[PDB]
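Taking it in order: structure first as structure tokens, then the write-up.
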Amino acid sequence: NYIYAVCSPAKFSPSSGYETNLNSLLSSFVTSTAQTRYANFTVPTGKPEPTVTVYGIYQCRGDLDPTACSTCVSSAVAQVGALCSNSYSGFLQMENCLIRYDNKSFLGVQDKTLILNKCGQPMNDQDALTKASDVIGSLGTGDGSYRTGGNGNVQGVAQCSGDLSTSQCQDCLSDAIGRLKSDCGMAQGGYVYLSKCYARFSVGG
Ligand SMILES: *[C@@H]1O[C@H](CO)[C@@H](O[C@@H]2O[C@H](CO)[C@@H](O)[C@H](O)[C@H]2NC(C)=O)[C@H](O)[C@H]1NC(C)=O
Ligand SMILES: *[C@@H]1O[C@H](CO)[C@@H](O)[C@H](O)[C@H]1NC(C)=O
Ligand code: NA
Numbered sequence: 005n006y007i008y009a010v011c012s013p014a015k016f017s018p019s020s021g022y023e024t025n026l027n028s029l030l031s032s033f034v035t036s037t038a039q040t041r042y043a044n045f046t047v048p049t050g051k052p053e054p055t056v057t058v059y060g061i062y063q064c065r066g067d068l069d070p071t072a073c074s075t076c077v078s079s080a081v082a083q084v085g086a087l088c089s090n091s092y093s094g095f096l097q098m099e100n101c102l103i104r105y106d107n108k109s110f111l112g113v114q115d116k117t118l119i120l121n122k123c124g125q126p127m130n131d132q133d134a135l136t137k138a139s140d141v142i143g144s145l146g147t148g149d150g151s152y153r154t155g156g157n158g159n160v161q162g163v164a165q166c167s168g169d170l171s172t173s174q175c176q177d178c179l180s181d182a183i184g185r186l187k188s189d190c191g192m193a194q195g196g197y198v199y200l201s202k203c204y205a206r207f208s209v210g211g
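Residues 5 to 127, 130 to 211 (mature numbering (1 follows the signal peptide of the UniProt record, and there is no 0)) make up the sequence shown, in order.
Right under this line is the structure:
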């Protein structure tokens, strides 16, 4: 029910303020999905406190209705505890949403590092190869932080973490889409997840 989880080696102490603030942060994510598909939070609210302050975001796919966004984020919160347990930093990516938290702010910090890239099996079908090429490339020329394109039965999606600037988003996506095309462009789908953005496509289904 998830794509990847990243959990820091460094752990907070049991029943510490950090743990308590994290749990409060995560509950806040769920609440916030009623209003918006992306939000950033600090707990506690106010001046950073040594050790215990938590920073986080959630982000739903850019076309999700609030009900679908709540369901996804709730599930992410329910899963991240099991996977990341007492890590200071946790990042859980699902198909339709992510949650991310850390013990320092990561807002507006570019990070194009690769997390996960998987390609499908290979597609003489120049129609299919053309469509895939055109769809994947269309994601790069598209605007803003959530981009989709489709031709026939070929569908592409690209999304930047909501904290990135316009420029940072395009830079991240340029990399992700470049990798997606270069490595998976002849395949029956594929996905590239970088730290702060992703690009993916599917053929059929
Ligand atoms: C976030 O958590 C990490 C891990 O506790 C902090 O890094 C540690 O900092 C302490 C003292 O400040 C050092 O004794 C450790 O060597 C560090 N550990 C690691 C793995 O780097 C980091 O300072 C915390 N950041 C904030 C802003 O609280
Ligand atoms: C984070 O949230 C604050 C307060 O809600 C807002 O002022 C700011 O624009 C947000 N920043 C980012 C990078 O998401
Ligand atoms: Na969509």
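Every residue, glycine too, gets a C-beta built ideally from N, C-alpha and C.
Excluding the 5 residues flanking it on each side, residue 22 has same chain C-beta neighbours closer than 6 Å at 16, 56, in chain order. In terms of side-chain proximity, the C-beta atom of residue 122 is found no nearer than 8 Å to any non-hydrogen atom of ligand 1.
Residue 46 is bridged by DSSP to 59. Collapsing the DSSP output to three states places residue 157 in a strand. Proximity of the segment 138-158 to the segment 89-108 falls short of the contact definition, fewer than three beta-carbon pairs being nearer than 8 Å. By the criterion of at least three beta-carbon pairs nearer than 8 Å, the segment 76-90 is not in contact with the segment 47-54.
Residue 116 and residue 181 do touch by the CB rule: their CB atoms are close to 5 Å apart, below 8 Å. Proximity to ligand 2 was defined by a C-beta distance below 5 Å to any of its heavy atoms, and the residues meeting it, in sequence along the chain, are 44, 111, 169.
Each of 31, 5, 205, 25 was checked against the Cα of residue 118, and the nearest Cα belongs to 205. Per DSSP, residue 106 is not a residue of any alpha helix (DSSP H); the beta strand (DSSP E) it occupies stretches across 101-106.
If you check the C-beta of residue 70 against ligand 1, you find no heavy atom less than 8 Å away. Our two residues, residue 95 and residue 9, have alpha carbons roughly 5 Å apart in a direct line. The distance from the Cβ of residue 194 to that of residue 125 is about 6 Å, consistent with a contact at the 8 Å cut-off. Under DSSP, residue 126 shares a beta bridge with 193.
In this structure, the beta-carbon distance from residue 209 to residue 164 does not fall below 9 Å. Counting only heavy atoms of ligand 3, the residues whose C-beta sits closer than 5 Å to one of them are, along the chain, 67, 154. Under the three-state reduction of DSSP output, residue 95 falls in the strand class.
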